[PDB]
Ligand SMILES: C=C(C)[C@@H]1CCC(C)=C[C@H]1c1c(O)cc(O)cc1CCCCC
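Take a look at this single chain, the form solved without the ligand, given in structure tokens.
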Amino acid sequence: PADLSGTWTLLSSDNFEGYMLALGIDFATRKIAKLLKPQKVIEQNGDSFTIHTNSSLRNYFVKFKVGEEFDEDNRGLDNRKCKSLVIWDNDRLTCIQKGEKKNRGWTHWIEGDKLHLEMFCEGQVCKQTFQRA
């Protein structure tokens, strides 16, 4: 495990297009999503997390405990229901989103004080990094 907590500003984003294409996000929505740079806010208390992804268009969040399965309806994204599980892979916080799409999930980790995120679906990986701000 690692302390991922903080308020995080998006600093780099690679292949968000491919990730969104894998989810079937429509053309107009992909355009808007790429221009945004939502802030990530991670609240971490033991095994309990709330991860906020906040933009002017919509603040949203996911709340979970490590090791505790939870459904996600994904109303703000692709509207596909997944059964999600978050566990530690050494110091990488890893989510498996079980559902229609194959190999769907995300991973967070921290390098020094720089937050990393991979979001992936169908072999498309979006890599993002953030600075504490």
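Position 1 is the first residue in the sequence shown; the rest follow in order.
Not on display, but discussed next: the form solved in complex with the ligand.
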**Q.** Non-hydrogen atom within 4.5 Å of the ligand in the entry with it bound for each of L23, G76 and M119
**A.** yes
Q) Between the options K102, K83, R58, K63, which residue brings a heavy atom to within 4.5 Å of the ligand in the entry with it bound? A) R58
(Q) Residue-level contact is defined here as any heavy atom of the residue lying within 4.5 Å of the ligand in the entry with it bound; does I96 satisfy this criterion? (A) no
Q) Within a 4.5 Å heavy atom cut-off, is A33 in contact with the ligand in the entry with it bound? A) yes
Q: Although the ligand is absent from this view, report whether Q44 comes within 4.5 Å of it in the entry with it bound, heavy atoms only.
A: no
Q | Distance check, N90 to the ligand in the entry with it bound, heavy atom within 4.5 Å | A | no
